[PDB]
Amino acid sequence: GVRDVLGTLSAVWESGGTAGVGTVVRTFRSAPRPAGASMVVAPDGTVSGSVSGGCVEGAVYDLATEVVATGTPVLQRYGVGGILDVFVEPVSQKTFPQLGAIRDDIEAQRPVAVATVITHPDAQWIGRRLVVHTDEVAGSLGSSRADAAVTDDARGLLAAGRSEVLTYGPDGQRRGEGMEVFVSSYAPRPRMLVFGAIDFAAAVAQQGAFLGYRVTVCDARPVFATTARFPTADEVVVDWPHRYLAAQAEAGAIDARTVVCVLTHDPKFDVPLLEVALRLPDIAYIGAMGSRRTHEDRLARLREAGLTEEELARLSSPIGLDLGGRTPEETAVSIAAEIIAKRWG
């Protein structure tokens, strides 16, 4: 969402002024910028951020300028290469008192969603917002039923890191028509954890970085788990894999989008590791590398260790889509593709 232009927006907010903020809420026909793309017009007229590829920037700028004057938020559809819904609002300390706290949450890696009414029959509702955390909600949409419905749905989207327009009836009845709410999620970068610092881990970590994951490579062997060997990994740790995973779980440093790749079949490490991983309250993906021989030998060993067929059903083994690729690069792509397929973008 506003992460691109949040420093500039915050500085306006802190100074006491009003920014005009245009947020892309919905997109059709492959418009250039996605749900959450933001443009900010400072009181002195300076613009940052982008909502399109140039196509309607001038029009959004004028709208943002007009909206600051009237103080009335506006949903506008632009049609040109795509179709774009842009919601334009005045953001000040008066109109958005929580913005500083949200800036602070984004900085401290506390997940937070903002849910805004962008469409309603009663015009007084437009631009009302909820600030939603896991454990908390602030603000009011104007009705307990609306607050209840949106809070719930926003937390679900937040947990997934998703931003979307949800549609309700006027009192927040599900499947009703007439009220639309944009949920804009600010979740930290999801984690990819790679256990086994063999050379192939570098290829896995480059695909994880390409897909937007923060990648930790972890191996009990100091010679292997080295910054030099993995210079692009966000983090390289020397630990027993299962000790590291269990510690992340306990710290709440892993969430529902966390992705685990097991690149070892050393029984000393892989079984205790998968004993932990396969028992975690669900994380996005748990893959294990190996040929078909390694795969079946590992399954035998995991059954022998006490894993249930239901826990084993969580495991993607052998890892990746079967695309027929031979090289480490092809295998890395097959893994990234399976990860995407399992969550459905």
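Note that residue numbering begins at 1 and tracks the sequence as displayed.
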Missing from the model but present in the deposited sequence, between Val80 and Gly81: 10 or more
188 to 196 set against 230 to 238, stretch whose average Cα temperature factor tops the other in the entry: 230 to 238
Stretch with the greater mean C-alpha B-factor as recorded in the entry, comparing 149 to 157 against 170 to 178: 170 to 178
Residue with highest C-alpha B-factor in the PDB entry, from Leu278, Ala37, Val60, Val40: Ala37
Residue, from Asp297, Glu310, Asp282, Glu304, that the PDB entry assigns the highest Cα B-factor: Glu310
Third of the chain, ranked by Cα B-factor, where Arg29 sits: highest
Chain thirds of CA B-factor: placement of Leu84: middle
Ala332 - which third its CA temperature factor falls in, relative to the rest of the chain: lowest
Third of chain Cα B-factors occupied by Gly320: middle
Chain third (lowest, middle, highest) by recorded CA B-factor, residue given as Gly127: middle
